[PDB]
Structures are given as C-alpha cells and as structure tokens.
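For reference, the structure is listed below as structure tokens.
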Amino acid sequence: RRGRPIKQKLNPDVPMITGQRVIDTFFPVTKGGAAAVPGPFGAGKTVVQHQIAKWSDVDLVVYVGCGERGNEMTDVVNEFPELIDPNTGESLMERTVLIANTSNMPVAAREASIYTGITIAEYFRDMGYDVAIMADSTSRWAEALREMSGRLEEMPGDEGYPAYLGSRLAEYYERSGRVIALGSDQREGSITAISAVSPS
Amino acid sequence: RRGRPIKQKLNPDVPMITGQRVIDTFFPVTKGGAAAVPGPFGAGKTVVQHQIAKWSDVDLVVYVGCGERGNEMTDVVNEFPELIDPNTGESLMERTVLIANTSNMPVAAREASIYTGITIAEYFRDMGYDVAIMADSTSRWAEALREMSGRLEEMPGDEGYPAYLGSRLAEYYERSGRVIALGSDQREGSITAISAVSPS
Amino acid sequence: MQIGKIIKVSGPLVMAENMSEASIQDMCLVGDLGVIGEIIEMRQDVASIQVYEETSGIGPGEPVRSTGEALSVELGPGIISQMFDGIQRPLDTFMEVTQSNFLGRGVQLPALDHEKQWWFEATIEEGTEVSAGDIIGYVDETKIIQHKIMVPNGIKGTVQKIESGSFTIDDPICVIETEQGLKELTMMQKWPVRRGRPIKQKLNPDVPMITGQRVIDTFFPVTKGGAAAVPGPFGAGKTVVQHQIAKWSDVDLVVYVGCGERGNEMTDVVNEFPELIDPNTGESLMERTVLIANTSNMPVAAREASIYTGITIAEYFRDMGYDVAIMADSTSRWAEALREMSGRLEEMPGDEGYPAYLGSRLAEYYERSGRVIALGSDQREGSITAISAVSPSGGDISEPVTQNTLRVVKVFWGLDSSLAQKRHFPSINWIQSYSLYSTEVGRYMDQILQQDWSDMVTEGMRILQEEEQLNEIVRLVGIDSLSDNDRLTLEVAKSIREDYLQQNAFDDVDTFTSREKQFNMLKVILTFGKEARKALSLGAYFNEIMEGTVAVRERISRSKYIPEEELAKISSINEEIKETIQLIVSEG
Amino acid sequence: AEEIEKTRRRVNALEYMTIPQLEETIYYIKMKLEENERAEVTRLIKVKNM
Amino acid sequence: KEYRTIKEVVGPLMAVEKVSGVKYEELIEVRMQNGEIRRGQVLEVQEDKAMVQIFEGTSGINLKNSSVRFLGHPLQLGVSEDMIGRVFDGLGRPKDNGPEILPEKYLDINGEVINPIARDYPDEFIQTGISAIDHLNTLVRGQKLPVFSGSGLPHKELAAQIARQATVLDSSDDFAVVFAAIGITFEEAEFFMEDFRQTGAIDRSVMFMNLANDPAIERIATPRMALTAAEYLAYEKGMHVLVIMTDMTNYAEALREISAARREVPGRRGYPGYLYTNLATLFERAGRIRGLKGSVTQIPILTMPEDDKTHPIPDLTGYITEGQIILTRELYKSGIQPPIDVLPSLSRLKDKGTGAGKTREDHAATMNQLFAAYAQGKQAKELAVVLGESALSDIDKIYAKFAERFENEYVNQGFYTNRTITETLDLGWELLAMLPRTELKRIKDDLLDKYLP
Amino acid sequence: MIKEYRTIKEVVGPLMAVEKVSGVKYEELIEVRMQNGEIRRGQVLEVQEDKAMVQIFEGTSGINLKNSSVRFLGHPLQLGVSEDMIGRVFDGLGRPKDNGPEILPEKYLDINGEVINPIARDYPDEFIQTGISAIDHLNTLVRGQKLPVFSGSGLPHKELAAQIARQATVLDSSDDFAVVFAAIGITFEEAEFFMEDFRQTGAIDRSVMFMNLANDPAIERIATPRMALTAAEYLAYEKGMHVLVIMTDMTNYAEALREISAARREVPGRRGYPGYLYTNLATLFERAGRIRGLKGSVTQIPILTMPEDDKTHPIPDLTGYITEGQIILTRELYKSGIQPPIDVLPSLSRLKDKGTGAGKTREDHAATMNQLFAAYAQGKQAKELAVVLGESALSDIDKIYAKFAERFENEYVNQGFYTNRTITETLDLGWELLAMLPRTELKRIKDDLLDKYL
Ligand SMILES: Nc1ncnc2c1ncn2[C@@H]1O[C@H](COP(=O)(O)OP(=O)(O)O)[C@@H](O)[C@H]1O
Ligand SMILES: Nc1ncnc2c1ncn2[C@@H]1O[C@H](COP(=O)(O)OP(=O)(O)O)[C@@H](O)[C@H]1O
Ligand SMILES: Nc1ncnc2c1ncn2[C@@H]1O[C@H](COP(=O)(O)OP(=O)(O)O)[C@@H](O)[C@H]1O
Ligand SMILES: [Mg+2]
Ligand SMILES: [Mg+2]
Ligand SMILES: [Mg+2]
C-alpha cells in the first residue's frame, strides 16, 4: 500500500502495440499511459485485456484477476505457455505474472490483489522494463470497499461506495506511468495501467 | 396465520364458469387457481370480483372487504339475498361469507381480514367443497404492513414496503389450490383466489 | 444577561451549556468573535445553535449570549434609500465603521442611525385617546415619503406628553402611562421578521397596478395588493421585468430584495437606482426605494430571511397608509438557502431536498401582502404587492419552488425559452400564463375609460387561442385550406404578437406605454381585423387586402414608438384602415 | 407520390407513436430515478443515527 | 394537571417528562413565559415522557418558565344547530364577529366509522343546478363526488355556484351546506364568505374557513371539524347536509409537512404512506344510515398538480370516491363555463339518483344518447377540422354541429345560471332534435314520441 | 502554549480522536508525531468538550496509538502572502515545488477570506483580450467577471486553459496584469503540461501557479482554490493588479468536498453531493470583481467537467446560478476537428455589453457579434434542410448561409490552441465572413459601419 520510490516521473511518449485496430488507430495508449474499459456484462472487457496481454510489445505483463471468474484465470495458465510471442519465439507465460482472487474468495483480499500486482509491476519497472498491469476488475475492488464500509457502519458517498473511493483510485493510477528509476544508471521503466470498470 | 393441513396438493385443471365471456373464453381461471386483477380507479376491479362472487359455479364464496368502501359492503348484503344462484335456484347469501374492514376502519385490522378470510375458505375446503375467495383489495393490505413497519422503525424495502412483503403474499396464494383434504375417504376440495390490486 | 459555554463545534453546529433562559429561535452571539447564530433546538440546559457565519477558530469554553429576541428589524427614520441585507445590516454604515470594502466576522452594528438628528412635528393633542397604530406625529425623512411615527403595537390609552423638536430615534419623543407602566416612546419600533404586523381588516385588491408593460396591464394584470410570480430559465428576462415594474409602478414605496444574487448583477441595482429619476417628483428612485442586497457567498440565513425582512419593512410603511410594492428576485436562490439550512438541521427532506414546510414558508410570505385597513381610528388603507421572480433549473416549472408558489399567487407570468430567442420580449407565454384578477381589472378599466375594454381584451385573447388551434391545423395538414378568414386570424394574431405583445424595455418610449396608449394600440389592431373580415365576405380575396394594406400595417407596427404627447397619430391610423380596403373594394 | 406517402406516413408515426412514447418514457425514468434517490437518502438517515 | 417539566424542544416537537395519566392524541395547552397560550396534541407517550407537537410552532418558548397543561381529551368540537349562518375557522372558533356558541354537546372530530351493516345505500337526488353534473354525472345524497381541477381553472366559481344552487325536491327546510375551506388564500376565502352573504346562502350553511398561512395542523383538522358538524346536523337533527371541501391539495401538503416533522418515512412522491387511509377517514364519513333521517354528501374539490391525474392526490382520491367531475383547460379556453369534460368524468351512484319520482322518466335514457353521440360527435368535430372540411358523410357533420352545440349551449351555462333538472332534460331533447331518428337507438320509440319535438 | 498531547483515544479510518485537550478550536491545524518519528499533518473537523476529532492528511497507516502524540498548532490554514509569489509554483497548501527558496511573507492571511461588500463592489467595465475569437467577440470576458468553462472528460479544456493564461492581457499597458493558476485534483502529466508550457512561453513570470495532484490529500484539494484566491485578492485589492484566476478541475474539488462530508458522517445530498454545495462554490466564486476607488481587479475563469456531458448535473447547474454566463465545450465540434471546440450558440456572457464599445473595443463590436450569431444560427439551420431536401430545394440566399456556417466553424472559431488573435484581428475576420453574404442581406447593420469596415 506504499508506492516504490522513484527519482523522476515522466511523460509517456511511445505508443504501445495492442494489435487491435480500433485501439491502435483511433484511441491509442502510450507506455506509461492509463486506460479504462467500462461496460456492462458481456461487453468484452476481459477479452480485450487478454488481447492486450498477449500482443503488447512490453517486456512484462501483470494480470490481476480481481474478484472475477476462476476459469478465466485457469484459462490463462493453460494457453499462455502454448502461444508463441513476441520475442525469441518463447512462451507468453515466461513474461507474465498472475495474481488470482476469484469472486467467491474472501472480500478483503480483493484490495490486496490490486496493491500486490502494482507493487510487483513497480518492482520490474525499476530494472528498466516496460510493464503492463491488468486490473479485472477495479469495480470488485470498489465493491469490496463498499461491502466493508457497510459492516463498519460508515457514512457512504454515492451508491453505497465510501466517499474516499475517489482518492484511493487516484493513488493506484498515480503509481503507474513512465518513470526514471532510482540509481546511477537512471534507467527508464514504465507501468501501463489497463484497467477495467464494471458499471451497474 | 397457520394454514390448515392437507394430505396432498393437486394441480388445478378444472375451469371455473364465471359467466364473464372475456374471462371464461380467453383468460380463464381453474378451480384452485389464482387470479390477480390490477388496475387504476374506476377500472372495474370491484365489479369483476362481484360478478365472480355472484355467478360462479363454486360451492362457497368468501368475500373480503380489505380497506375499501363501506357502500360496497352494504351493496352486497342487500343485493345478494334478492339474487338467485343460476344453478341451485336459491339465494346467493345462502352460500357466501362476508368479511368487511373498510378503509376508515382500523388499519392493522385489514391484515387480519385477509387471514380470517382464507382460513374460513380452507375450513369449507376440507369438507370437499369448491370455495372461492375474493380479496378487495390486496394493495390496502400491503399498506397496513408498510405502516406497521414504520412504527417498528424497520428497514424500508421497495416503495416503503417491508422486505417480507413478497413472502407474506406468496404464502397467502399458496394456501389456495386443489387439495386432497385430510380424512380416510380422501375427499377433494379447492380454493380459487381472486385478488384485486390497486397500483397508483 | 446570561452567558453560556460552548461544548461542541462541528461545522455550523454549536452546542452550549448554561443557555437556560435563552429561548427558541433566538438570535445569539457565539464565541469570542461574537458571530451571529440562532437557537434551533433546546435540550434541557444545553442549547444547539446553528452559526450563520464561518466557525473557524471557535471551540469549547468560549462564551455565548442571546440577544433576548428572535430575528427582528428596526422600524424608524433612516431606513429609506438605505441598502441593508438579509439581517438588516446597513452596508454603507458598515464601510464607515470597519473601514473596509469587505465583511468581517463578529462585526455587528445597529440597522438605523441612532446618532442622527431628525426633526419631529407632533400631530396629536395631549390627553387624546390613542391605540396601537395611531399616528402621534411625523418626520419628513424625504419628499415624497413622509415617515409617520405610529403608536407601537400592544400600547394603548393615556397620552400625557407630546412635543415637537429635533430628536433622535433613541430620545423619548413621547411618554404614555398605562397599567403596565409609564414608558418612553421613540421614533423606532422593533418587530419580529417571521411574524407579520397585525391589521384591522384585510380587503380584496381591486385596483390594478400600472406597470407600463402591455402584456401585463392588458392580459395578465396585477392588482395593488395582489401577488404575481415570474418563473423562467436563464436569459428569460425576469430581472428586466423586476426592474421595469420597480421603475414604473404607481406605488409610493418600493422594496427590492436580492435574496442571493451574483455580485456583478447586484451592483447594477446599487448604482443605477440613484441615477433613475422619479415619476413627476424629479428625484432618484432610490429615495422611494429600500434595498436588501445579498450576494451568493453571504451567510445563508441572510439569504433566507431576505424576503421576510423585506415584507416586514413593507408592512411597516403599509401601516402608515402607503401602497408598497416589494420586489423579489430571485426566490429560487432564496429557497436554495432553505434546502441548505434544512440539510444542516438533519430534517426529513421534502420534494427534491427542499424542506417539507417549503410551501408553508412561501404561503406565510405571500399572505402578508394585500390591500388592508391598518390599525388606527383613521381606518386608512395600505397595500403590499408582491412580485417574485423564480428561476427553475432548466425552466421546468414542475420545480417544488414554482409549484408551491402557484398555489398562493394569483398572477402567473410564465416565460417561454422559445420566445426568449427570436427576441420575443417580454417572453411571457400568453397561453400558459393567467391572472385571477383579469375579470375584475377588466371591469374596473371598463369604468376608467368607459369603453368595452374588457371586450377588447377578451377578443384579443380569443384571437390568440384560436391561433394556437389554427397553428396545429397548419402543422398536421398544411397551410391550406386558408379559408381566408382563418388565415386572416393568423395575421391579426401575428399583429398582436409583434405590434403589441413585444416591447423593448431598453427603447426610450417602448419601455412604457400608459393605459391611454395601450387602448388605442389594441383598438387599431382589432379594427383592422374587423374591417378586413367584413370586407372579405362581399367581396375580396385574401392577398388583395394584404397588397393594399402594406403601408398601413407598417403604421400599426410602428404605433409602439409613437410618443405619448402625439397619441392622436395612433387614432389616425385607425380610420386610415377603413378607407384603404374600400379603395380596392371599389374596384376589385 | 410514393415519397409523399412515405413522408406523410413517417410524419404520422413521429407524432402519434415515436414522440408520445418518448415523452412518456422520459417521464417514467425521470420519476423512477427521483423515487429511488428518496428511498436511499431515507435509508441513509436511519443509518446516521446509529 | 399542569407541569413545568419540559425537558426538550426540537423544531415543532416538544418533550415533557415526569408526567402520568396522559393519553395518545390528548390535546394540550402550553402557557408560555410571556403569558401567550399555545395548543398542541400528543404524538406519542412513553414512560413518564410525552412527545407533543405544538400547533403554532415552538418559537420564543422558554422551556423552564413555561408550563404544559393536559386537557384529558382529544381535539373536540362544540356542536349546536346555532352553527347555521356562522363563520368559523379551522378549529371551530368564530370568524364573523358573532356571539360564541353554547354547545349542546362536544364531539371528537375523528368521529366514528359507520357500521357497514348499519349503513344505508345512497339514494334520492340532489339538484346542484348544473346540467353537466345533474344530468350525466348525477349527484346522490350520501355520495362521494369530487371535482378534479387545476391551477388557474375556475373551480372556485364552480364551488360557490353549487353551494348556493344546491337543494332537494324534498321540502323547504331540511337541507344544509357545510363549506370547508382548506389552506386557501384569504382572497379566495373572502370571495366565498361574501358570495354566501350576498346570495343569502349563508342562512342555510355553516362555514369553516382555514387559510394558507394558518399552521399546518390547523389545516388538517379543518375538514374533520366540518364533517363532525355535518354528521351532527344530519344524524342528530335529521338534515340533508352537503359538504364542500377545498383544497384537498393543500390538505395533502399540510399532511406532508406534519409527517416529515415527525421523522416519518415518506411514500410515493414524498407523500405519507398513509395518505390513502388519511383521506379515507374523511370521505368515508359520508352516506346514509338506516333508521336515521338525513344524510351526509361530500364534494371534495382538489387541484391536480401539472394536470397529472396519476399524481398521488388525485389518484388516491379516485380510489376512494365514487366517481369524479373533471375540469379541463381545453374547455375553459373555449369559454365554457363550467369547463366540465363529461368523458373522463363519471358518477357511480347515478343509478339511485335518477328515475321517476326522483327525476322524470327519460333521465337515464337521454344521458346515454347524449354521451354516446358526444363521443362520436366530438371525434367527428375533431377529424373534420384536422382532416378535410364539411365532408363527414353528412352524418358526422351533424354530429360535429351537435358536439359544438353541446359544449356551448348545454354544458356552458354560466357560473350564475341555475339549471333545474327539468330545464336540463328539455334542453337535452332539443339537442337530440338535430339528429335523425336512426341515431338515437339507446332510447326506445315510446319516450321519443313523448318528448322529442 | 505548546499544546502537545500524547493522548490519543481512537482511530477510525481517516479520523483520529484525542482527549484531555483545551484551547483547541474548529478547523485548527495539527501535527502527529508517530512512534518512528514520522510527522504527519491534520485538521480538526469537530471539537467537543475535552475531545477533538481530527483527520490526518497523509492517511493513518502505521500509526501506533500508544506511542504517538498530537500537537495543536493553534492556527487555521494560512497563506504566506507576498508580491514575490509571481514567477513561482506553489502547491495545495502554498508550499514551493520549483526548488526555489521559501518566501519571507509580508503577512499571513486565512484562505477563507472575507465577503466583498455588495455596496462596495463596482461595475465590471472593460475588456480582457483572451486571444480567442469565440470568446473575445461573441462571449466577451469583462474585467471582474466570473465566466466559467463547461467541458467534459476527453475534451481539450487543458489546452484551452493554458492558451488563455498566455494570451490574456489588458490592452492598456499602464496596468499590471497577473494570472493565478490553480490546479485541482490534476494528474501529474497534465500538471506537468501546464508547468512546462508556463515556462516555455515565459508565462510564469507573469503568473502564480498552485499545483495540487489527484493522489494528494483531499483537504489540500479543498484548500487549493482558497489558497489561489487569497493570493488573487492580495495582488489585486492590496497591490493594485489585474488578476485573472483560472481553476481546474472544479469537479475534482467537488469530489473531495464529498469525501470530507461523509467523514463528518453528513448525509447526501443532490446526486451524491452535499446540500451546501451551492454556497461552497459561491464562497470561492463570488470572490471576484472590481471594488470602488480601488485599482486592480479579480477575474475568474473556473473550468469544470460535465459528468456524461449534461448541464443538469449539480456542478454545472449550480455554477450557472453563481456565475454570469458560461463557455461550452462540445464533443461534436472536437471530433470534427474544430479547435477550440467552443459552441457559440449555447454559450453566453452576461457582462459583455460593458466590456465593449468605443474606448474599450471598436464601435462595430456589438453589431458584428449579433450578426455573426444570427447568420450562423440560420446558417446551421440551412444545412439541416439541405440534408433532408437536397441542395436543389434551398434558395440561393440559404445556400450562402449554409456555406457561411461551415466556414464560420473552420476559420473563425477554429483558431488552434497556439494561435493568438488580437481583438482587432478577430473583428476584421468577422467582416471577411460577413462579406460572404449578399448586400441585400447586410442592410440590417448601420450603413455607417458598412462603409467604414468593408
Ligand atoms: N474482441 C472480441 N472478439 C471476439 N469475441 C469477443 C470479443 N470480445 C468479446 N467477445 C465475446 O463476448 C463475450 C464477452 O467476453 P468478456 O470479456 O468475458 O465480457 P466482459 O468481460 O465484458 O463481461 C466473450 O465470451 C466473447 O465470446
Ligand atoms: N363489467 C362492467 N359492466 C358495466 N359497468 C362496469 C363494469 N365494470 C366496471 N363498470 C363501471 O366502472 C365503474 C368502476 O367500478 P369499480 O369496480 O368500483 O372500479 P374499481 O374497483 O376498479 O375501482 C363502476 O361504477 C361501473 O359503473
Ligand atoms: N422586456 C425586455 N425588452 C428587451 N430586452 C429584454 C427584455 N427582457 C429581457 N431582455 C433581454 O434578455 C436578457 C436577459 O435579461 P435578464 O432579465 O437578466 O434575464 P434573466 O433575469 O432571466 O437572467 C437581457 O440582456 C435583455 O437584453
Ligand atoms: Mg469480464
Ligand atoms: Mg375499487
Ligand atoms: Mg437575471
């Protein structure tokens, strides 16, 4: 829950490659940029995030399954070793880090899954790697906060969500971005945050 | 509040001749079935139920005046004796039981009217008779639950109504139906529920 | 006096012990700064107080003192041409004492000038019978407005001394002994803002107030002592209407209330009013105007009590015998104060956040307006005409404020947004709007002019309603078949809309048209429709008239700008119409 | 003539079917949102007392 | 039983401790420190504590130098038949410079529910003097027939007109009127009060005038005192009483304000959940009773907000009353007075009001033909002006002329024109005289040769 | 007078309780010394007898109740005011980030400020050249006005804000002009965008910046606008400068207001936002204008985003009730390539009539304005007739209007975010587009103006 220290936060210049036409052409995302994928159930948010996680020209990907289907996590560990891309003709599994927290898994562990994944992404950014962090979904994180806020009998903000929902989201994204890592080498790592929102 | 015991419940497949053309032809209700009559003021909810109360081919009729007009209860006790059952050729009042709790009568007492009515119907049902009960109106009953809820400082559900509203109703419409009554001879009786709903 | 001790401060919520002999709804002074507040609720010894100013730097231990009464205004000389605010704090006297262009906290000073000398000339003989509301003498605070010092309410009987001289509002100008005691009478009487001043009897307003606004005075008139409301969106033109009515109303006094307005709009009333010369007197409008100004960032209770302090002062001069007109703009931002204040009182919210007593507080305001006979054996008549301008979020009059307002007001001037653009001003919708005085006003003016004015107004409207019916016929089907007569009704209605309903408040002669002019203008338009339909039958086709009446309809269209002292020219238009359609009747 | 038919028929559809359904739906949802907000706010009032 | 034990004051509410022997809905009297007296009622009593709401609010009250006195009785009304020709306020206090009344007895204004089996069905006819009402939507003794209106509409004139034209064909003096004004402006009240004075209708009526600025609780108590007086005159003195009440919308808003003050959870559209039952405790107080001469008839007049009939106040009123009389802007614009739309309006008990002995033989027959023709006649009138002109098979064209004539000659009578049921029926035939004989199928051939010109 | 207590009773989420206190006032600044020595700042949100409810800005994580202490500073939020603030970048709480030396303050002022006496406020009487034709000509910004910009997420309201700050000026050179720029809830990238663009153009030397990020404490977010205005009222009403305040984003500010609201366990609230949202916006918006007999002025251009772009949202709706007009950004325009995407039809300036006319701008300013607005209105109208009936059905006059509306968008309002136009350049460009019209359609204007200006 504490962001790894940097030396300087930079402006993302280089466009990431997703392989998806509508994204790469009309709504592109840079390395260190932040993107959200809001939509109802069946929209295709999860598919898009897998698609980016498979064809991103970043060095490492980090997929966080926050309060989502367990099969979708099982799906990743199955095919990723079989798929060959993008460099050295090696497995996608040897460039990914998975953090699984299903919907029926305890609620409090949802917020942890988000904060653990971004910290790992911060860790590999410090050695000068372009890393992509997938959040699926940041709504369950908020739902977890809402459910816990009720049990503590706090005064909510809107739709049951705690009023500090705004500030806590701001913390997560400002931990991403292209930065110059601490040290003498002054390497450049980048955290591209591809988040998903599930609006009621 | 406790439904009278039965040996077995049976699926109603015998239609109930009301004399109402639109009903008997296109939207019929079986002996033991349940029908809801929701509509605005001046629609004919009361008239329909009266028509059912008058000319139906059932053994007994239990009419419940739940939070409605007093004139409509005076109208019944006067007219019904002067009317003749199109089958038995005798007065309608010789087969009907009236229960009246008008809108200006005690609010909490209009919940009891519903349960008082259905219990009498179950009683004659166990005799092997085909009974029919009219609820006018069930909306008023729901208001009594809502008002009593507010006095109890209960957590509001939908439109102010308590969360157990759907439960109470579902339990009420399950007390009707074609049954095999208790006894060695295993006789069969039934209750046909006609309920008027008055949505705003 | 009694002091108390703060024990809790959470935002505007302040609780204080030893508030034992304080009362409910008492104005009190919280903390060392002494910021104003009000006692909302009282639980045994502890009183919960809602502070109306910023509570930063205030905490437990600090003293709290009640003023000893509810929110009240000072009624006496030094009140006219003065610019108070919601709690009747003089803004000019403010600048002198604080030596600043800003408003600090805990800085409070008397409304009127107690140090000022006013000449008093008694009109009562000593030993004469007096009661509440009777006049003992007067002060010429200004011409025209003669400030009449009336006997305070609840005071009766004996009159031992009275004399004329240069006194102040503090010095005893009179002494009256009673069963209660022998008290000094001053030139000032305090009065609770919320509660209205009593009267002998309330009468029904039957005398229409001249506004100079054609659409109002003719079709939707307002009697003196009546009640009117102006609902509309942004740029509708309510503020213009308020200014127009404030300028040209045949009333003795004007009370302009700015409930919660933008500062840049508030300065206009501040500066333009002294620059506005008065009707036949020749002085500033401000010298017959009392101003209550409140910006948006002012204390919420100042923005809430605004209209009530105004109606209170209005009652005061009403009791003298003056016909008062109180201007309220805007009331939507007055009610915005209510919504905010009630939220802090943690009450059960009414419709869309507003208090459940919203319609009750509105009713308690508009009811305090009307033609009355004030207390006193003179049985003199006074009146208060309330003109409020409401501002719905998007012009939707389904607003809780507008709906509750239309329940008590008798005159409704609804401003269409579709008329706002295309520059149809005043944008008052002539179909949705109405007047509950229209019938009586029409028969009053049937005597002041001895003409079938009520018949003309009725025919004028009949033409307009028919137009709407004809309008949908045009839509659903097409412009044909015109039937000549129906297409003429459209042209007459178009003439009414453009040559009568529309008037520029910024034009130097169209900003005001008297009854004299209003009559002749309407008569010309109506007689055009009369003579055309009558010649249409035997026997002319529609655009034959339209071709021969080109220049004469231009004169009708320009009748608006015809000077008052040249009123005969409008009458000349009327009989030009009769000759021109016979000019082509023979031969056509 | 077919274009006049189509236009006229579309016009009749716009006035009798499309817009009235639209106005009535914009009224239902608007009131529905206004109701649920009153419900949630009312619920929040009781919670604050706890 | 006077106590100076006021513990708490919050808003209009007040808590009094160390009390005993007090009851629910018990009327109280709070004497303030300045001597001013304020009335109130018990909302709730628990332990030694008593929660009361003051009528005139709680402003300026010093809890420690003020005392509370419990009267040991609910809000009552001192009734007498000397009330005839007297103007009272919402709480039964004189408003006409008249001598205070010596009550023959006091009555709880809540009254009691008429036993459904003791109740007698509404019968016989009340002549309101208005063709649109008396003929098509007949009013009956003991019926609940309300008038649905809107702002700017002439329900005010319609109210006063009926009140001064209302009579029965019974006898000279056994009919009375109880006019209840609720939360209306003073101008509206003075209009009523003096129109009663001018026409002399005051001599047979009792008035309860409550204004918009009067406290909310006095606004909700007004109709209950009106019905209490009405029930006394009708059931104890055997009179046919007609009760006029307006505005019901003001009543609902007053009930709305009181509900929120008591921290009660609101129902649909911010109105109390018990809005139905509360309104029902007023309207159901009307009807005839077996063995008792006289009756209570109610005409509740209300304004429909945004002209929305689905609004809680009209919709719930419709769920209680036996029909309605609807005023429309479309007719008021046309200059129709009274602007009564006979299509969405209806009377349920008109069956008991019409018929030989009550009204003449063709009452029931003519209303069917007039209504049916008007339904077909208006659409004929409407389709003519929109589509085409004077091309309506020459049968709808005469229906169009019938509809317009029906609106301007039959319905539009004026607010100061009394139309007896005789004059109405005769006028109805003259309107049916336009049409060919084939159109009037609803009427048998016998009546036609007896009345039709 | 130290007032430091090791007394700490409770920590519930963001809030912290402290007993045995005295002399502690409402909204008083505090500092908490933790067991590891880590020092965090906070503020009193509620104080009752022998107790105090405070909220720690930087969170409460790691805080041990038994080994920690809380010191009361005995003063609310204040600003070290000075004239040396110009050319420097301050944060939410007026602390430097430009790595420069902290300022020796003339004095300290509360950030709440005082309410301007309405009888002391003067007319807003003259022009402010923003360099935007859509603004300077049709929706004029007068000196002392409060003219907000209505935008949405995705719309270029940051390029517009940056463009105004550089190009804004008074055309009398005998008046010191300054720009107070407040960033609220702003992400680092667009926060950097402002800071770098303020330096590359040398706008910093004329301006004072207040940068607050989204991840920074919500109390700082609330304090940021009041920090910017306190400076603005000093530079103007004490140092006699013409100050232009730019604030963005105002939606971010409102969200923080909601966050502190539920922290005090207050209840919503229209669409989630607290019931006092109106005043809370008024308390920082109404702090502008011109004061009588006082050189200098305060002018505000607050920029907010519309949630899903509807003007019925509380933030745009209530803002319109406090400000005189608004500038509306449209997604339709932006998608088509018009920069800046200013929709002229629904945008308004109520105080434009006073900032124009001879001596302020040219004589033809009001005539060209009304004509362009009308021609464009009927121009856009003629276009939607050409899509239903085809260009063949349009009259020759309407076809010109149709072509007018097109070029009015592509040339007149489509300046570009890096294209500064003077008031004269704008006016004459208006005539070039009015020359497009037939002479018979130009009879509306005074023939005096037609002759002198093309
Ligand atoms: N880019 C795509 N290509 C093909 N099919 C898709 C795509 N996106 C979604 N789908 C289909 O839609 C369904 C929704 O997928 P998913 O991402 O799980 O929805 P969401 O995550 O939005 O709830 C998938 O089962 C898939 O079959
Ligand atoms: N089947 C029917 N035949 C004839 N008239 C009817 C019929 N149903 C209803 N009506 C008319 O409609 C009115 C409404 O009757 P009622 O049943 O009391 O309405 P609801 O119960 O829907 O409030 C009655 O007064 C009656 O005149
Ligand atoms: N009667 C009128 N005559 C001429 N112009 C008017 C009139 N009423 C309004 N306007 C114009 O409409 C604009 C709106 O003015 P204002 O009264 O402030 O509207 P609102 O009060 O609705 O904000 C003004 O700038 C004015 O030029
Ligand atoms: Mg998914
Ligand atoms: Mg019914
Ligand atoms: Mg205005």
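Since chain A takes its numbers from Swiss-Prot, the residues it shows come out as 194-393.
Per the header: X-ray crystallography, 3.0 Å.
Cβ atoms are placed via backbone N, Cα and C, with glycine included.
According to Swiss-Prot:
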BINDING   A:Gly232, A:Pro233, A:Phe234, A:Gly235, A:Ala236, A:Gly237, A:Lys238, A:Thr239  ATP binding site
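In the structure as shown, the Cβ atom of A:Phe234 (ATP binding site) sits within 10 Å of 6 other Cβ atoms.
Look at the Cβ of each of the binding-site residues A:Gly232, A:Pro233, A:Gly235, A:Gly237 and count the other Cβ atoms within 10 Å; the largest number goes with A:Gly232. A Cβ distance below 6 Å to any atom of ligand 4 is met, among the binding-site residues A:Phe234, A:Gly235, A:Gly237, A:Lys238, by A:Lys238. Excluding A:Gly232, A:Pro233, A:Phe234, A:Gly235, A:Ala236, A:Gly237, A:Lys238, A:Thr239, which define the ATP site, the same chain contributes A:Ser391 within 8 Å (Cβ to the Cβ centroid), listed in sequence order. Using a 10 Å Cβ-Cβ cutoff, A:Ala236 (ATP binding site) registers 14 neighbours. Applying an 8 A CB threshold to same-chain residues 6+ apart, the list for A:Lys238 (ATP binding site) reads A:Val230, A:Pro231, A:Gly232, A:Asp329, A:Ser330, A:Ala389, A:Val390, A:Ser391.
For A:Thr239 (ATP binding site), the count of additional Cβ atoms within 10 Å of its Cβ stands at 18 [all protein chains shown]. Among the binding-site residues A:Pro233, A:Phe234, A:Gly237, the residues whose Cβ lies under 6 Å from any atom of ligand 1 are, in sequence order, A:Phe234, A:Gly237.
In three-state terms derived from DSSP, A:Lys238 (ATP binding site) belongs to a helical segment.
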